[PDB]
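Have a look below at one chain only, the form deposited in one PDB entry, in structure tokens format.
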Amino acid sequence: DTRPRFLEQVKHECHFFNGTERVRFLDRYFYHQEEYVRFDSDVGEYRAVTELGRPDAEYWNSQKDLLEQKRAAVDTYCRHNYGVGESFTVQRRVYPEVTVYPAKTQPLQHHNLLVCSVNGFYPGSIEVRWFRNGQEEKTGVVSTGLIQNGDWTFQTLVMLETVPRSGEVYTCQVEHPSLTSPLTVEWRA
């Protein structure tokens, strides 16, 4: 199939700062991936983003009942839906699961990577650090970044490039919004 395609997207966005103390509502329209007209609650009217959306801003802004219902969306839509799902979205917190295991960069060679696998946590913001004999190791640390599993959990593999010697204690420290104290896991050769 070689027929050309034509995509149209619409995104109704609610932005929240400090609970519902500050709310921003955006009503965005896209042709393919190019936004051409939007409504910004901080402006109170439709504004065309590209030349393509000028007919829409003119026509929509002439309707009084449309602008008024778009200006109340922060309360009739944004603040309403927040309280509906505030229990299982805003307050969802899943404890992370930390595993430390060794790996190899090239096969058939001794271990040279210490992998700290943090799994299944929510929310996404996380701080994972390595320590060697009590001193933090900030040199030669690679990671996968923060991975969204798509099922309302996250994971990240923070790897340490090092050849472990006997008598060395390596510690992976994990900080998370749902934790009261930093979670640490030791690993010794």
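The numbering used is simple: start at 1 and walk along the sequence shown. Throughout, rigid core stands for the largest set of C-alpha atoms superposing within 1.5 Å between the two forms.
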Notebook entry, point to check: Where do the C-alpha atoms have the higher mean temperature factor in this entry, in 20 to 28 or in 166 to 174?
Noted result: 166 to 174
Note to self: If you take the mean CA temperature factor per stretch, which one wins between 75 to 83 and 105 to 113?
What the structure shows: 105 to 113
Margin query: Checking the record values for 136, 151, 40, 34, which has the greatest CA B factor?
Written below: 136
Check: C-alpha B factor of residue 119, ranked within the chain: lowest, middle or highest third?
Finding: lowest
Notebook entry, point to check: Lowest, middle or highest third: where is residue 7 by C-alpha B factor in its chain?
Noted result: lowest
Checklist line | Where the record places residue 53 (Cα B-factor, split into thirds across the chain) | finding: middle
Note to self: When the deposited Cα B-factors of this chain's modelled residues are ordered and cut into thirds, is residue 64 in the lowest, the middle or the highest one?
What the structure shows: highest
Check: Can you tell me which third, lowest, middle or highest, the CA B-factor of residue 132 falls into for its chain?
Finding: highest
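Unshown form deposited in another entry; subsequent notes refer to it.
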Check: So, does residue 104 move by 2 Å or more at the CA between the shown form and the other one, with the core held fixed?
Finding: yes
Margin query: I want to verify one pair: residue 150 and residue 105. Are their C-alpha atoms nearer or more distant in the other form compared with the form I supplied, knowing the change is 3 Å or more?
Written below: farther
Check: Knowing the Cα distance between residue 106 and residue 101 changes 3 Å or more in the other form, does it shrink or grow relative to here?
Finding: closer
